[PDB]
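Visitor: Quick one: the structure is below, and I'll ask about it shortly.
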Amino acid sequence: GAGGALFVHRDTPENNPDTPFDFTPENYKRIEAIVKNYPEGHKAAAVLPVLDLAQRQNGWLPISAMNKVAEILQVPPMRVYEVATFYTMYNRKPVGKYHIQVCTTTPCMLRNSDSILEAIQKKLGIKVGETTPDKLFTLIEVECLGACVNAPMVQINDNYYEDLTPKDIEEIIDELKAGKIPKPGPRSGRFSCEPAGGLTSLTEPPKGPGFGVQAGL
Amino acid sequence: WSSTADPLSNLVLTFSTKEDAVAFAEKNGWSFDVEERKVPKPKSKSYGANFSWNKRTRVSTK
Amino acid sequence: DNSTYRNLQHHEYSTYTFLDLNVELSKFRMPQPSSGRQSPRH
Amino acid sequence: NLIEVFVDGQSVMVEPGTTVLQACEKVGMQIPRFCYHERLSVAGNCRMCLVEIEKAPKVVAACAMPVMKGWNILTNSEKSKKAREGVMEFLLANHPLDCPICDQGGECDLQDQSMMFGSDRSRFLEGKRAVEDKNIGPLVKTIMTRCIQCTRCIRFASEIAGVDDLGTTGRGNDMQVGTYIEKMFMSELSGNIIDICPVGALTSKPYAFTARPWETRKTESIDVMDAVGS
Amino acid sequence: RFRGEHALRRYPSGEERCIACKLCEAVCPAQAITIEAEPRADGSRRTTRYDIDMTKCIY
Amino acid sequence: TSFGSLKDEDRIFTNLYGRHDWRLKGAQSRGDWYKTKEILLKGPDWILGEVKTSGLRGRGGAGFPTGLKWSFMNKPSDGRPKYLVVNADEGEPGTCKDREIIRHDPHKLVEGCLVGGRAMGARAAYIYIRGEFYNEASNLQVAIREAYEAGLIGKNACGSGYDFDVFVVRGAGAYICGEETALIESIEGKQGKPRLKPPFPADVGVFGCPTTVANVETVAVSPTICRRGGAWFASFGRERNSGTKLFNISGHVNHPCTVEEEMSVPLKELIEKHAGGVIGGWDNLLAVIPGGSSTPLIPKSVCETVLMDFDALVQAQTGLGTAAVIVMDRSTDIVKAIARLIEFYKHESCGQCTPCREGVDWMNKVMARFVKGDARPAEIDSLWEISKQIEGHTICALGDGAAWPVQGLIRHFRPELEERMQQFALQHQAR
Ligand SMILES: Cc1cc2nc3c(=O)[nH]c(=O)nc-3n(C[C@H](O)[C@H](O)[C@H](O)COP(=O)(O)O)c2cc1C
Ligand code: SF4
Ligand code: SF4
Ligand code: SF4
Ligand code: SF4
Ligand code: FES
Ligand code: FES
Ligand SMILES: [Mg+2]
Numbered sequence: 033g034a035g036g037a038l039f040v041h042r043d044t045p046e047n048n049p050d051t052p053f054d055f056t057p058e059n060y061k062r063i064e065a066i067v068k069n070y071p072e073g074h075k076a077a078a079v080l081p082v083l084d085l086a087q088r089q090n091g092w093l094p095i096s097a098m099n100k101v102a103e104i105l106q107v108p109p110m111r112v113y114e115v116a117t118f119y120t121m122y123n124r125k126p127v128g129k130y131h132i133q134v135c136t137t138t139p140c141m142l143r144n145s146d147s148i149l150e151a152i153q154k155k156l157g158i159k160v161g162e163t164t165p166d167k168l169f170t171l172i173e174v175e176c177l178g179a180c181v182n183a184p185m186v187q188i189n190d191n192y193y194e195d196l197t198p199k200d201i202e203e204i205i206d207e208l209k210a211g212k213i214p215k216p217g218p219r220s221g222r223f224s225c226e227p228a229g230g231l232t233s234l235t236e237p238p239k240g241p242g243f244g245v246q247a248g249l
Numbered sequence: 114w115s116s117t118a119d120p121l122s123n124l125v126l127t128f129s130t131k132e133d134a135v136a137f138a139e140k141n142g143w144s145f146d147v148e149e150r151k152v153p154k155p156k157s158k159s160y161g162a163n164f165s166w167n168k169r170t171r172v173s174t175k
Numbered sequence: 382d383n384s385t386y387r388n389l390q391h392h393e394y395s396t397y398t399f400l401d402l403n404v405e406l407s408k409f410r411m412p413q414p415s416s417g418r419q420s421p422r423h
Numbered sequence: 030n031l032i033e034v035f036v037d038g039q040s041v042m043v044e045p046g047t048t049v050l051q052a053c054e055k056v057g058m059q060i061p062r063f064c065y066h067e068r069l070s071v072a073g074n075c076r077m078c079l080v081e082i083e084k085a086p087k088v089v090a091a092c093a094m095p096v097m098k099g100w101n102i103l104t105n106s107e108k109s110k111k112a113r114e115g116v117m118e119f120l121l122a123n124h125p126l127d128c129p130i131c132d133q134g135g136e137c138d139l140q141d142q143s144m145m146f147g148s149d150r151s152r153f154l155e156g157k158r159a160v161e162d163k164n165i166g167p168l169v170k171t172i173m174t175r176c177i178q179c180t181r182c183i184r185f186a187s188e189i190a191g192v193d194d195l196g197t198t199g200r201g202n203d204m205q206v207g208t209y210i211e212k213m214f215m216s217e218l219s220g221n222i223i224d225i226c227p228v229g230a231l232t233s234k235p236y237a238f239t240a241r242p243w244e245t246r247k248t249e250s251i252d253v254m255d256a257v258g259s
Numbered sequence: 096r097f098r099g100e101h102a103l104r105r106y107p108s109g110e111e112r113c114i115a116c117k118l119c120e121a122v123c124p125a126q127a128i129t130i131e132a133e134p135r136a137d138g139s140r141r142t143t144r145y146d147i148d149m150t151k152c153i154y
Numbered sequence: 030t031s032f033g034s035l036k037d038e039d040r041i042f043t044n045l046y047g048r049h050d051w052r053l054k055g056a057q058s059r060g061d062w063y064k065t066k067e068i069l070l071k072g073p074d075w076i077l078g079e080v081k082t083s084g085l086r087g088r089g090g091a092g093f094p095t096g097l098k099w100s101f102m103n104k105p106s107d108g109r110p111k112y113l114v115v116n117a118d119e120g121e122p123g124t125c126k127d128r129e130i131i132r133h134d135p136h137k138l139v140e141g142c143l144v145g146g147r148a149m150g151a152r153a154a155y156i157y158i159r160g161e162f163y164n165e166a167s168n169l170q171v172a173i174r175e176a177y178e179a180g181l182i183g184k185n186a187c188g189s190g191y192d193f194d195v196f197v198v199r200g201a202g203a204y205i206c207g208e209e210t211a212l213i214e215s216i217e218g219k220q221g222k223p224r225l226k227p228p229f230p231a232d233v234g235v236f237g238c239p240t241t242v243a244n245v246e247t248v249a250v251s252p253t254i255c256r257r258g259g260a261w262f263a264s265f266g267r268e269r270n271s272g273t274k275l276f277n278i279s280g281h282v283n284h285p286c287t288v289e290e291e292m293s294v295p296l297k298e299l300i301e302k303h304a305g306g307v308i309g310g311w312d313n314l315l316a317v318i319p320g321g322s323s324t325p326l327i328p329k330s331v332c333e334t335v336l337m338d339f340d341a342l343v344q345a346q347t348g349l350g351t352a353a354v355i356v357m358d359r360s361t362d363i364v365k366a367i368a369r370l371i372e373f374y375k376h377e378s379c380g381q382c383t384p385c386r387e388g389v390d391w392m393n394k395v396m397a398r399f400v401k402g403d404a405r406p407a408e409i410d411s412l413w414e415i416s417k418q419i420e421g422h423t424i425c426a427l428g429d430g431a432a433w434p435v436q437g438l439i440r441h442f443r444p445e446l447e448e449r450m451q452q453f454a455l456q457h458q459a460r
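Here's what the structure looks like:
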């Protein structure tokens, strides 16, 4: 499966070193809070959190944003470029307002993840790597998202919508485009990873402090 | 084409030892210049030095 | 009562919740160790 | 004090911290390598230098594994030969068929080590990988389909020349070496990346297509462009 | 299979096939081939001199 | 002897399923944060001995003695800081247990971090949590704030005189950064490519200081082992396979879920009891992957009588791994499922070293041709050989784990591959 995204930069009017980007004062406070989580003389350890903060502020990572992060942390811009191109959660290209990521790995594929993907494609009228004309939705496929037992599932801006059906995902998309924020979590009546039929364990109240404490401890 | 008038332009001889080479040159009468063999000096290599806590050997990339 | 989902506080988080919590935690930390130099390139 | 190690059963005293590659060098055996350069740091990613220790179930990276007391290093063992054949098979599986149009030609480490340590046949029945060529100035010509991602140029750039404008972007089989931007790697020590690149990815642009290594005659002289006397 | 007078071929588009790789010069038993090359105007690897001494060639 | 039927009074991970309060008040309502000061005053050697007697093994893939690893880090200080890195990059397909532990038992995780830091003499604990788990990371940060305010962690932790910090580091998307040395590299703000061994992380870790990387489940079960015994933990399970385990049953099953059971519960009983069995019944079972993508698959014949245990699964040419049980019923494309797993490994390969990089791409192409029959029966053995060439010749274990599913498919379902190739040959020759 071809990724479709290049790892080289061509200067454009919308993406060039002269594109204006600079952190807000609040984000500078957050940067100075992040920086002192690491030993002095190892400021380069903050590249990932600072780059993620820049992406959260700007919506994506322009080359000017990468250069700004490199300047703030006094690390080589090539090192920042390496990190940005290595990690897939960093958007080096503009995305939509809502970034749907459909998990397509085997545990989610055994359940009807293809139905979820097809329903999203028909509902939005876009392909699997395109963006809606109104710059509102972007759709991609991703690998395991850590919610395998709640398959199939999608992630839309760090929210997990699990136990999906085509009807449920269409309702979620409608709620998103209307303006409301759907409640993340399973859509099948479960609350979490518990079995659907009923609790096969942890049915009785938990034991209190000091239940089976060792004699000496 | 490239011409020549020197019979010994392509002549290269192989010897196992400097003493053997010098003996051959002396008995055949040619003048000779001897260059001592250069061997690389032993070098201390360590993979763990790439991640030094306080030294400058720490690498910024892999 | 063992029939209600008590992990409902996460339907309020925003973009900067994690980093704001990190800023709040800055007070409770302890001084970081130093390598003796400002950067590996120094 | 020196510790005693064995290479093919032959004893040799080496200082602690000496690598398997250097112990074999001391006994006179040159282990195949691609990413190891003695003037640069140890990377250990091409995996061409794997050797077998006599009792170890797993082959070790000779360029990065320090020797322990009483190790027997089986340089020409069946496991070592198979490891070299596998690594060379992967490299030549993705390499392009550019030998006649390649300036590296008859002085290529991939060719020589393929002829000495690899197989004589190909099992790759798929399509190859083609990589866009970068531009880093008027001196070095980059044809990056021939790169084997050994990261010699990166380590040399940073460590030796103090210039950190080379690196790897992306990951997986699509990993690329370059600047990620239109930047020229201009420095007083640039052609040494032409020398250290084991393949024809980095080649001299003024010397392009002019000659082949077997034709040329080598004259050992010194340099007069400066007072160092190289 | 007959080996007679030599010839340099072209692609059906008219481009010369030779790429100045000097394999023929390397393998020639009698050293009858002299090849000199340089990048062309369009950047191709092409020969500027390609000589065969037919009095030195052993066919 | 029989194993399983674990009791709720013995299940370590209470508040699983999130039916109770996950705050400090709720955690203290259960046994968490109880006599932690007394454990710390008992000190490092006592904690290490208790862990060694309990015989706990690594819960995040390769199962090594955690007592042995922590003793490795118990060397005297040499003027450098000491770090415990808790791995929470739950990237292995099929695995959700770490997510559940972080989201519902964050105070258990934090207490385990404090106990492990005391055991190893560590000043700080970095919890490296994957970037997708944003809400889980936020819950973890809230729990850390509550612990700091209550004075449980920080300076003079639990009123014991031990100074201990707990930082949370959110990674980006990298199944490779799930690895321990890649974890260390990514914490240092680098690409996240695994290092070579030696130097071992217990000798040169993050920032070049001694560090110990431990799984979330391991560190979370550490304080319960300390408060309780470890003769008890050894009693639960087999002789060299002790304690409880979190199993994530998913796939073609009626009630996919995450549950806690003993360390030697038979696979068939676990599936029939905690998951409702296969959708078409047990006779409709085709294959089971018992440890996520890395471990090979086993057919119904092996799954009929097999114990969900390290050694029991190793003897079946498999592994326990992360105890992620993926079930595939008879009405599935096993070749396509394995091809999808190989494509996953192709996307998540870090690309540092030649065998894994080139060979995993090559195996992805070969499998993609296999699923449609566009191959020859002589290519099955070629695929086996290239998979054997990847395994053991890589820097890290991702290359080894990318060859085992291929080997399992070739070993158990070669007739399917040959039949598909023959069918394709007949279909194309009819043109
Ligand atoms: C969540 C998680 C993800 C892991 N992912 C990988 C991986 O992608 N590749 C790998 O070789 N090892 C992986 N490992 C194993 C680690 O290299 C290492 O063995 C483990 O983190 C140590 O924890 P333990 O002592 O509890 O077993 C993973 C471990 C955990 C906990
Ligand atoms: S780099 Fe070597 S193997 Fe590759 S095309 Fe050039 S001469 Fe051939
Ligand atoms: S360009 Fe050459 S020196 Fe640089 S990584 Fe590629 S093969 Fe190695
Ligand atoms: S140099 Fe000789 S062998 Fe090479 S392409 Fe030209 S004619 Fe053919
Ligand atoms: S085996 Fe693969 S993931 Fe591991 S270091 Fe090598 S290239 Fe990276
Ligand atoms: S396979 Fe989809 S969440 Fe894991
Ligand atoms: S020379 Fe050792 S792995 Fe490359
Ligand atoms: Mg070169």
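Protein sequences, first through last, are from chains D, Y, X, G, H and W.
The letter at position 71 of the first sequence is residue 103 when you use UniProt numbering, and the numbering goes up by one with no holes.
The letter at position 35 of the second sequence is residue 148 when you use UniProt numbering, and the numbering goes up by one with no holes.
The letter at position 32 of the third sequence is residue 413 when you use UniProt numbering, and the numbering goes up by one with no holes.
The letter at position 3 of the fourth sequence is residue 32 when you use UniProt numbering, and the numbering goes up by one with no holes.
The letter at position 57 of the fifth sequence is residue 152 when you use UniProt numbering, and the numbering goes up by one with no holes.
The letter at position 51 of the sixth sequence is residue 80 when you use UniProt numbering, and the numbering goes up by one with no holes.
Beta carbons: idealized from backbone N, C-alpha and C, even for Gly.
Rounded C-beta distance between W/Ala-249 and W/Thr-241? I'm assuming under 8 Å.
Guide: Rounded, the Cβ-Cβ distance is 15 Å, inconsistent with contact.
Visitor: Contact between the region 357-369 of chain W and the region 175-184 of chain G is defined here as three or more beta-carbon pairs at a separation below 8 Å; is this criterion met?
Guide: Taking 8 Å as the limit for Cβ pairs, the verdict is that the region 175-184 of chain G does not touch the region 357-369 of chain W.
Visitor: Output the boundary residues of the alpha helix (DSSP H) element that contains D/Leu-177.
Guide: Looking at the DSSP string, D/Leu-177 is not in any alpha helix (DSSP H), and its letter there is neither H nor E.
Visitor: Opposite W/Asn-277 in the DSSP bridges: which residues?
Guide: W/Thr-287, W/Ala-353, per the DSSP bridge assignment.
Visitor: In the DSSP output, what is H/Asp-146 paired with across the bridge?
Guide: Answer is H/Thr-129.
Visitor: At a Cβ cut of 9 Å, what residues of the region 76-95 of chain G count as close to chain W, listed as they run along the chain?
Guide: Within the region 76-95 of chain G, the residues whose Cβ lies closer than 9 Å to some Cβ of chain W are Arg-76, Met-77, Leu-79, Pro-86, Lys-87, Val-88, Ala-90, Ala-93, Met-94, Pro-95, listed in chain order.
Visitor: Any C-beta of chain W within less than 7 Å: which residues of the region 130-155 of chain D qualify?
Guide: Here the close residues are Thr-137, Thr-138, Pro-139, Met-141, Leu-142.
Visitor: Which of the three DSSP states, helix, strand or coil, is assigned to X/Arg-422?
Guide: Of the three classes helix, strand and coil, the one that applies to X/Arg-422 here is coil, per DSSP.
Visitor: Report yes or no: is there a C-beta of chain Y within less than 7 Å of the C-beta of G/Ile-183?
Guide: Yes, G/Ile-183 lies at the interface with chain Y (some Cβ there is under 7 Å from its Cβ).
Visitor: Tell me, please, whether the region 196-205 of chain D touches the region 161-171 of chain Y by the rule of three or more beta-carbon pairs shorter than 8 Å.
Guide: Output reads no: the region 161-171 of chain Y does not touch the region 196-205 of chain D.
Visitor: For ligand 8, is there any heavy atom lying closer than 6 Å to the beta carbon of W/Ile-424?
Guide: No, ligand 8 has no heavy atom inside 6 Å of this Cβ.
Visitor: When you check each C-beta in the region 102-131 of chain H against every C-beta of chain G, which residues fall closer than 7 Å?
Guide: For the region 102-131 of chain H, which is checked against every Cβ of chain G, the residues closer than 7 Å are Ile-114, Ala-115, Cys-116, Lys-117, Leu-118, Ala-121.
Visitor: Give the range of the alpha helix (DSSP H) segment to which W/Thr-95 is assigned.
Guide: W/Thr-95 -> alpha helix (DSSP H) spans 95-102.
Visitor: For W/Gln-381, which residues in chain G fall below 7 Å Cβ to Cβ?
Guide: The answer, in chain order, is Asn-74.
Visitor: When the cut-off is 7 Å and only beta carbons count, does D/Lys-100 lie next to chain X?
Guide: Not closer than 7 Å to any Cβ of chain X, the Cβ of D/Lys-100 fails to qualify, so no.
Visitor: Since W/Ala-151 contacts W/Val-245 with CB under 8 Å, what's their CB separation in whole angstroms?
Guide: About 16 Å; that fails the 8 Å criterion.
Visitor: Roughly how many angstroms lie between the CA atoms of W/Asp-37 and W/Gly-141, to the nearest whole one?
Guide: Near 21 Å, if we compare the C-alpha coordinates of W/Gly-141 and W/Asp-37.
Visitor: Taking the alpha carbon of Y/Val-125 as the reference point, which residue from Y/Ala-138, Y/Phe-164, Y/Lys-158 has its own alpha carbon closest?
Guide: The candidate whose alpha carbon is nearest that of Y/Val-125 is Y/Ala-138.
Visitor: Bridge partners of Y/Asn-167, per DSSP?
Guide: According to DSSP, Y/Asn-167 bridges with nothing at all.
Visitor: Does the region 152-164 of chain D come into contact with the region 101-112 of chain D, if we say contact requires no fewer than three beta-carbon pairs (one atom in each stretch) closer than 8 Å?
Guide: At 8 Å Cβ cutoff, the stretches do not touch.
Visitor: Among the candidates Y/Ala-134, Y/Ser-157, Y/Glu-148, whose CA atom is the shortest distance from the CA of Y/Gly-142?
Guide: Ranking the options by Cα distance to Y/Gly-142, first place goes to Y/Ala-134.
Visitor: Bridge partners of W/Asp-390, per DSSP?
Guide: According to DSSP, which records beta bridges pairwise, W/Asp-390 is partnered with nothing at all.
Visitor: Sorry if obvious, but does the Cβ on G/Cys-131 come closer than 6 Å to a heavy atom of ligand 2?
Guide: Answer for G/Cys-131: yes, Cβ within range of ligand 2.
Visitor: For H/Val-122, count neighbouring Cβ atoms within 10 angstroms of its own Cβ and tell me buried if that reaches 16, exposed if not.
Guide: Classification of H/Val-122: exposed, given that the 10 Å Cβ count is below 16.
Visitor: DSSP three-state label for D/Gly-217, please.
Guide: Three-state DSSP puts D/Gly-217 in a strand.
Visitor: Which stretch, first to last residue, makes up the alpha helix (DSSP H) that contains G/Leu-121?
Guide: G/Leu-121 -> alpha helix (DSSP H) spans 107-123.
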